[PDB]
Amino acid sequence: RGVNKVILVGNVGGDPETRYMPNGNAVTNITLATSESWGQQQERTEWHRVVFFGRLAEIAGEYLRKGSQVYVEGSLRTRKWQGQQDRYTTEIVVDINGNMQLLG
Amino acid sequence: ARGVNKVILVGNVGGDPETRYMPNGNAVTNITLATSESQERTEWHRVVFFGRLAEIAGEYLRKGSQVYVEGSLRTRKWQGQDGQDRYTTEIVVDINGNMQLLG
Amino acid sequence: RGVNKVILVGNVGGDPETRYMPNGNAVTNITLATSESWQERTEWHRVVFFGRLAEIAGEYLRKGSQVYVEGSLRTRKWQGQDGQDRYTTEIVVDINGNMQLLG
Amino acid sequence: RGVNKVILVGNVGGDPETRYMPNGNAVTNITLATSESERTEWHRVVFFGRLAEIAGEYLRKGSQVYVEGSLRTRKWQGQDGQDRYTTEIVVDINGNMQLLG
DNA sequence: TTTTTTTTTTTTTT
DNA sequence: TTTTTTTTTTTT
């Protein structure tokens, strides 16, 4: 029994990168900036790695541009890769269980 | 705050919590949190409590406790001992967040 | 386009009621209490489950169960026996929602 | 112990209504439409405190807005002397509001 | 068309 | 009492 939910509203950092997998499913990557309040309650930007799959990846690939404001709802997944050694990347995964809404 | 940055987790604590205090009065509690889905899949989460909830967290949470956590994502950069850049994404729970012991 | 999300953690008011429609689909109703303290203050929520979650909720929830519910708000209009309009806002948990029995 | 959280993104139905309590505190009411495909759902959202001032100052008919609050079902006496209940989304110090666009 | 439960009293860009 | 165009049962 568990719950793994991420909700972000922010601005797309650069144009989305769409790839295709072995069966042809669209996979779209973006970076997303959210602004929090960093002792004078200042400003600070947090950058999020967001990966879409399926129809949302298609929709994100087509309508999201650099600077787009977007609502994103997904689940956290930490991916383990290795370089030359062990590395980790925490991403927000947006698939059938998630949601995306182009705002503006 | 111009964006929204919200994380909601329900899961099981991976080990007894580590609390620590500094010369600010602040309590800082660190835990790991397992969320699962069903093959059966498990995701491991690093969660850091600050302030009042840090005090509440250190006391009542124990290895295996079930807990609701609401916080915000924060990625910290650090140079490893090989000089190479690394990143740690944590869930930060403070005054704008929430914690609820379950069971 | 928009977003309509409700997240509740609370205690089930009574045993669920599960209704089966002529086509075999299930609808399960509960009430769910969430509280805040400062004196108590308990908010009662009407939660309706559809689909696979309706059968799961009907089978595993009982009076007093602690539960996580994720759904969407829906307000229904109806004329009362005095002839006047009334409204009932419910939390609808369907394929887009979630339910986790806690504790 | 429990959790009561509502997150909405939608469009304001009319210009906001703001009133002032005896202690000077602002209270702002809106209705907010969310849709899904196509059926539209209407929500009664009530802002308190600083967010109520911001809401009253910046929201207008048609504004797209993100809102985060708690559900509160309020009992009130109707125009005839019997009971009406209204479930509202209360947005206060524990909630959030963001103008979108 | 009532209930539950119980150890937590100032949210555009990478 | 009207706004706005594509989610069944764990312990690092």
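Lettering follows sequence order; numbering is per chain, from 1. Heavy-atom basis, side chains included; hydrogens, waters and symmetry copies ignored.
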OP1 or OP2 of F:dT1 versus the side-chain N and O atoms of D:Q79: is any pair under 4.0 Å? yes

Report which part of the nucleic acid C:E70 touches: base, sugar-phosphate, or nothing (heavy-atom distance under 4.0 Å, all strands). base

Any luck finding a side-chain donor-acceptor pair between C:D94 and C:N96 under 3.5 Å? yes

So what does B:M99 touch, heavy atoms closer than 4.0 Å: a base, only the sugar-phosphate, or nothing? base

Would you find a donor on one side and an acceptor on the other, under 3.5 Å apart, between the side chain of D:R44 and the backbone of D:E88? no

Looking only at side-chain N and O atoms, does C:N96 come under 4.0 Å of OP1 or OP2 in F:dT7? yes

So does A:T45 reach the base of E:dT13 with its side chain, donor to acceptor, closer than 3.5 Å? yes

The answer to which of D:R1 and D:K5 contacts DNA chain E further toward the 5' end, by nearest nucleotide, is D:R1

In terms of the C1'-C2'-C3'-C4' torsion, is F:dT1 a north or a south sugar? south

Can you check the C:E36 CD to E:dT5 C1' distance for me, whole Å? 15 Å

C:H45-C:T31 side chain donor-acceptor pair, cut-off 3.5 Å: no

Could you pick out which residue, D:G14 or B:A34, lies toward the 5' side of DNA chain F when each is mapped onto its nearest nucleotide? D:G14

F:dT10: syn or anti, with syn meaning chi within 90° of zero? anti

Does F:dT3 stack on F:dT4, meaning their six-ring centres are under 5.5 Å apart and the planes differ by under 30°? yes

Provide, to the nearest angstrom, the distance between the CG atom belonging to C:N29 and the P atom belonging to E:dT4. 18 Å

Working for side-chain contact (heavy atoms from CB on, under 4.5 Å), residues A:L64 and A:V70: CA-CA 8 Å; A:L64 290 189; A:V70 68; 4.0 Å; yes

Quick one: label D:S37 by what it contacts on the DNA or RNA (base, sugar-phosphate, nothing), any heavy atom closer than 4.0 Å. nothing

Distance check needed: F:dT11 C1' versus B:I31 CD1, whole Å only. 14 Å

Any base atoms under 4.0 Å from D:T40, or only sugar-phosphate, or nothing? Heavy atoms, all strands. base

Verify stack between C:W38 ring and E:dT9 base, 5.5 Å, 30 degrees: no

Does the sign of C1'-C2'-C3'-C4' make the E:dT5 sugar north or south? north

On a plain distance test, is the side chain of A:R55 in donor-acceptor contact with the base of F:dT6 below 3.5 Å? no

Checking all strands, does D:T31 fall into the base, sugar-phosphate, or nothing category for heavy-atom contacts under 4.0 angstrom? base

How is B:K63 classified with respect to the nucleic acid when contacts are heavy atoms under 4.0 Å: base, sugar-phosphate, or nothing? base

When we call it a touch if two heavy atoms are under 4.0 Å apart, what does D:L32 touch: a base, just sugar-phosphate, or nothing? nothing

Within this structure, what is the CD-to-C1' distance between D:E38 and F:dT2, rounded to whole angstrom? 17 Å

Say whether, by atom type as modelled, one donor and one acceptor occur between the side chain of D:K61 and the main chain of D:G13 under 3.5 angstrom. yes

Side chains of D:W76 and D:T86: donor-acceptor distance under 3.5 Å anywhere? yes

Apply the syn/anti split at 90° from 0 to F:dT6 and say which one it is. anti

D:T40 versus D:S35, side-chain donor and acceptor atoms under 3.5 Å: no

Considering only NZ, NE, NH1 and NH2 on the basic side and carboxylate oxygens on the acidic side, decide whether D:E68 and B:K6 come within less than 4.0 Å. yes

With the 90 degree cut-off around zero defining syn, does F:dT1 come out syn or anti? syn

Base, sugar-phosphate or nothing for D:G13? Non-hydrogen atoms, less than 4.0 Å. sugar-phosphate

So what does B:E43 hit on the nucleic acid, given a heavy-atom distance under 4.0 Å: a base, only sugar-phosphate, or nothing? nothing

Using the glycosidic torsion, which applies to F:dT11: syn (within 90° of 0) or anti (everything else)? anti

D:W42 ring over F:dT3 six-membered base ring, under 5.5 Å and 30°: no

Going by the sign of the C1'-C2'-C3'-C4' torsion, is the sugar of E:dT12 north or south? south

CG of D:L99 versus P of E:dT11: gap in Å, rounded? 18 Å

Quick one: B:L9 CG to F:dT10 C1', roughly how many Å, whole number? 15 Å

What is the nucleic acid contact for C:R46, judged by heavy atoms within less than 4.0 Å: base, sugar-phosphate only, or nothing? base

Sugar-phosphate only, base, or nothing, as touched by D:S63 at under 4.0 Å among non-hydrogen atoms: nothing

Ignoring hydrogens and geometry beyond distance, is the side chain of C:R76 in donor-acceptor contact with the base of E:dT1 at under 3.5 Å? yes

Would you mind classifying the nucleic acid contact of C:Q39 as base, sugar-phosphate or nothing, using non-hydrogen atoms under 4.0 angstrom? nothing

Give one of base, sugar-phosphate or nothing for A:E62, where a contact means two heavy atoms less than 4.0 Å apart. nothing

Rounded to the nearest Å, what distance is computed from the CG atom of residue C:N4 to the P atom of nucleotide F:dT6? 18 Å

Grab the CD1-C1' distance between A:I92 and F:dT7 for me, whole Å please. 17 Å

Ring centroids of B:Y60 and E:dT7 base under 5.5 Å with planes under 30°: no

